Amino acid sequence: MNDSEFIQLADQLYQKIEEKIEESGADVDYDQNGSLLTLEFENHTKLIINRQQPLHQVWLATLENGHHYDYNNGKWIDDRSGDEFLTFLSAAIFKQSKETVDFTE
């Protein structure tokens, strides 16, 4: 994977996250600022998503931890736990805010 390709895949991810939020109807605000995609819930908690181009990784900050993902199996996979990004993101949105956004189906 080169930088251009990483950008294509990360763009697809960011737009998928945005579209799935709009589609779910959920009360999740999103804003992109440079490489950062911030999700805010009405309880004023947040999730912070970042792209790290030289590493070809996408990162996610929950309330507790940072998570780093590589593109494998046509998905983004946590480099320490193996958890898949979109599955994990849905769980985090529910675990921090109790609303449901399915990013996968």
Side-chain angles (χ1 to χ4, degrees):
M1 186 185 300
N2 66 24
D3 294 346
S4 172
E5 294 161 356
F6 167 72
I7 293 321
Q8 288 176 325
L9 290 166
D11 284 351
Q12 286 181 348
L13 180 59
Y14 277 25
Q15 293 201 315
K16 184 174 190 89
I17 291 166
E18 294 164 359
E19 188 280 334
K20 288 291 169 166
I21 286 167
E22 293 294 345
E23 191 199 282
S24 75
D27 299 303
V28 181
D29 282 337
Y30 57 85
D31 183 55
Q32 188 170 357
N33 174 31
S35 297
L36 291 176
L37 174 63
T38 298
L39 307 185
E40 180 163 356
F41 310 110
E42 41 180 3
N43 68 2
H44 292 170
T45 65
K46 300 174 181 184
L47 294 175
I48 305 165
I49 296 159
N50 202 340
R51 288 137 79 125
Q52 302 300 4
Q53 189 221 235
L55 303 150
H56 301 154
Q57 290 186 327
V58 165
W59 293 8
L60 167 68
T62 63
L63 283 173
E64 316 274 3
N65 291 117
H67 296 274
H68 298 176
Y69 302 81
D70 301 295
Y71 187 82
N72 289 296
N73 282 349
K75 53 203 34 166
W76 293 92
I77 300 297
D78 190 297
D79 70 5
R80 300 306 213 271
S81 71
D83 286 346
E84 186 272 333
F85 181 93
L86 294 174
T87 299
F88 187 82
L89 184 59
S90 293
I93 291 181
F94 185 78
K95 150 189 56 93
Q96 288 192 14
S97 70
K98 304 307 159 186
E99 222 172 11
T100 298
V101 179
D102 190 346
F103 292 98
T104 300
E105 285 84 27

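Heavy atoms only: backbone and side chains are in, while hydrogens, waters and symmetry mates are out. Along the sequence shown, the residues carry numbers beginning at 1.
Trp59 and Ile49 end up in different hydrophobic clusters when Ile, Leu, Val, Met, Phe, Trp and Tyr side chains are linked at under 4.5 Å. Both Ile21 and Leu13 are members of a single hydrophobic cluster when ILVMFWY side chains are connected at heavy-atom separations under 4.5 Å. There is a path of hydrophobic side-chain contacts, each under 4.5 Å, that joins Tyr30 to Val58. Under the 4.5 Å side-chain contact rule for hydrophobic residues, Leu55 and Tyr14 do not share a cluster. Both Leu37 and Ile7 are part of a single hydrophobic cluster, where members link through side-chain heavy atoms under 4.5 Å apart.
With contacts defined as side-chain heavy-atom distances shorter than 4.5 Å, the pair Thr87/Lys75 does not qualify. Contact check for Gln8 versus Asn2: no side-chain heavy atoms found under the 4.5 Å cut-off. Within the 4.5 Å cutoff, no side-chain heavy atoms of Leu9 are placed close to those of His56.
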- Task: For the pair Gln57 and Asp70, evaluate side chain to side chain contact (heavy atoms under 4.5 Å, CB included) and give the outcome as yes or no after the intermediate values.
- Result: CA-CA 5 Å; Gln57 290 186 327; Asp70 301 295; 3.1 Å; yes
Exercise. Just do the side chain to side chain contact (heavy atoms under 4.5 Å, CB included) check on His67 and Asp83 with the steps written out, would you?
Key: CA-CA 10 Å; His67 296 274; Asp83 286 346; over 6 Å; no
| Can you list the steps and then say if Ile77 with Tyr69 is a side chain to side chain contact (heavy atoms under 4.5 Å, CB included)? | CA-CA 5 Å; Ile77 300 297; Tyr69 302 81; 5.6 Å; no
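To the nearest 0.5 angstrom, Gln32 atom CD is 9.0 Å from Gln15 atom CD. Atoms NZ and CG, on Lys95 and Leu63 in that order, are 7.0 Å from each other to the nearest 0.5 Å. Note that CZ of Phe85 and CD1 of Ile17 are 4.0 Å apart. Values are rounded to the nearest 0.5 Å. Taking CD from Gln96 and CG from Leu39, the interatomic distance works out to 9.5 Å, rounded to the nearest 0.5 Å.
Taking the charged nitrogens against the carboxylate oxygens, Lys46 and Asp29 have no contact shorter than 4.0 Å, which rules out a salt bridge. A salt bridge between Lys20 and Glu23 is present, with a side-chain N of the basic residue lying under 4.0 Å from a carboxylate O of the acidic one.
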Would you mind writing out the side-chain donor-acceptor pairs for residues 97-105 within the sub-3.5 Å range, not counting sequence neighbours?
from	atom 1	to	atom 2	distance (Å)
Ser97	OG	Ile93	O	2.3
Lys98	NZ	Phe94	O	3.4
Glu99	OE1	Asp27	N	3.0
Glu99	OE2	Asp27	N	3.3
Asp102	OD1	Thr104	N	3.0
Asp102	OD1	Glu105	N	3.3

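More than 12 heavy-atom neighbours from other residues, nucleotides or ligands sit within 6.0 angstrom of CD on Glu5. Within 6.0 Å of the CG atom in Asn73, the count of heavy atoms belonging to other residues, nucleotides or ligands does not exceed 12.
For the residue pair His68/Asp79, the side-chain donor-acceptor check at 3.5 Å is not satisfied.
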